[PDB]
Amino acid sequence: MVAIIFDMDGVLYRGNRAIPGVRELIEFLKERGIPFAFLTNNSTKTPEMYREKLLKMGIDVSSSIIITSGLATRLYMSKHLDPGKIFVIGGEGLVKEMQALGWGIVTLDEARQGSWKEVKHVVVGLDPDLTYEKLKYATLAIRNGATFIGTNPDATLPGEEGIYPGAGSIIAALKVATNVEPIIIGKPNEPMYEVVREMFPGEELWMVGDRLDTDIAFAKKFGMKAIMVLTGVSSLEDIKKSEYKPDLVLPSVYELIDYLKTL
């Protein structure tokens, strides 16, 4: 009873470009009864927002099978930490997930008044509007004993003008400023796997991605079939100089159909 987990950007679509055959694949998985879920390290957007983006790319799926690092972070906090006030560095998606916890968020303004002193958890995701001030209060809070949580490790992600700094870039700065080892939630980390597992309890899991350092590393560390597609960031060549080795390489997710039909 196989369940397939798909990374999004570079797998189900590429930027603002649709990848041919994705709708067919998804229509096929439903026909075969094959459960699936989308898993993105990006924490700037909600599952709902992602459902809309997917629709625009010719894909219709429930936001219920869309797992973002932000939602994984909320689930991790709820299950393994003690409720306390949160200071957030990140976008709308992440703020919304933290608000949902209902633990209470210390705003930048309250922080300026000294409330960083009462922060129990610091959550860091990709923040396009990052400022030194934010790094300052996050550092003060983490140094005061606040949990240091990072949504994902990605050093970078594509931007309009080229390769832009990712959450890992921001998390790295705080690691240096606090001298504290962050708890990273997303791929290729265990908290993310815990979330996938919770959704699909006893299934044989397959991971389909385009990044070796996150997607493939994730599959190998947790025993998921490591399937890499070539529609994204990685190439056959990157495989060799990488510690992570795909169990299967396909041109795109469309080819998953005949792969599944021929066993």
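Note that residue numbering begins at 1 and tracks the sequence as displayed.
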- Using only the Cα atoms and their B-factors as the entry lists them, report which of 27-35 and 213-221 averages higher. 27-35
- Task: Averaging the C-alpha B factors as listed in the entry, name the stretch that ends up higher: 6-14 or 235-243.
- Result: 235-243
- Message: Maximum C-alpha temperature factor per the entry, among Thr139, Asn179, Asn152, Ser169, belongs to which one?
- Response: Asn179
- Which has the highest CA B-factor per the PDB entry: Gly186, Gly159, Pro128, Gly125? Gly159
- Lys134 by Cα B-factor - lowest, middle or highest third of the modelled chain: middle
- Chain-relative CA temperature factor third for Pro165: lowest
- Modelled-residue ranking by C-alpha temperature factor, third containing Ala146: lowest
- Based on the entry's values, in what third of the chain does the Cα temperature factor of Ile227 lie: lowest, middle or highest? lowest
- Task: Pull the Cα B-factor of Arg112 out of the PDB entry and bin it into the chain's lowest, middle or highest third.
- Result: highest
